[PDB]
C-alpha cells in the first residue's frame, strides 16, 4: 500500500528481474504516496509479484514542501538517499533492469539523482516517468544526461509547477488516471523493449 521496501528487504539470492524506484510528492505518506501504489499494482500484474521489486524512496527523503525552493528542487540529503538506492540495486541485483518514477518534488528528486548517477547504473534505467515535474520548464522536459526516448513526462494543462512556478493548483492533484494507465504502460513497454534479466 503506501510503504514498499522490496529492494531493502529482498534476498540477493533471489533477485527480481525488474526493480522500480519511486519518489513521492510533497507531504505524502509512506514512501509511495498517492500515485506509487497504483503503478506498483500494474507492474505486479505484468511481471508477477516475484518478478518486480517496488521500492519507495524513504529514509532521509522527508518530502518537505519548503525543499521545492532549493536549487535542484529538493534537498542534497534526499538526492543522496535516492542515489544510495540505485547503488544498492546495482550491487544487490546486477542483472535487473531498473525503472524509475517520481511525482512533483519526487520528480525533481528523480531527475537530480539520475543526472548525478554513475553512467553505468544510469544506463540500466530503461524508462522513467515523471508526473507534475517541477523542473519541466527549466530542463525543457528532459532529465539531464538521460535519453528523451526513455523519459515520459505527464504535465497537466494548468499545473503551474510544469510552467516554472511552485504554486499548487487543482490540475497538480489530477494525475490518478495517468498513474493507473499510461505511466505503467510506458514502463512495461520500455522494460519489454530491452527485456528483464
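Numbering follows the first chain given and starts at 1.
- Between 136-144 and 46-54, it is 46-54 that carries the larger average Cα temperature factor according to the deposited entry.
- The PDB entry records a higher mean C-alpha B factor for 12-20 than for its counterpart among 184-192 and 12-20.
- Of the candidates 90, 97, 113, 74, it is 90 whose Cα B-factor is highest according to the PDB record.
- Of all the options 128, 41, 156, 31, the entry's greatest CA B-factor is assigned to 41.
- The deposited CA B-factor of residue 36 belongs to the lowest third of values across its chain.
- Among the modelled residues of its chain, residue 104 has a C-alpha B-factor that falls in the lowest third according to the deposited record.
- The deposited CA B-factor of residue 62 belongs to the highest third of values across its chain.
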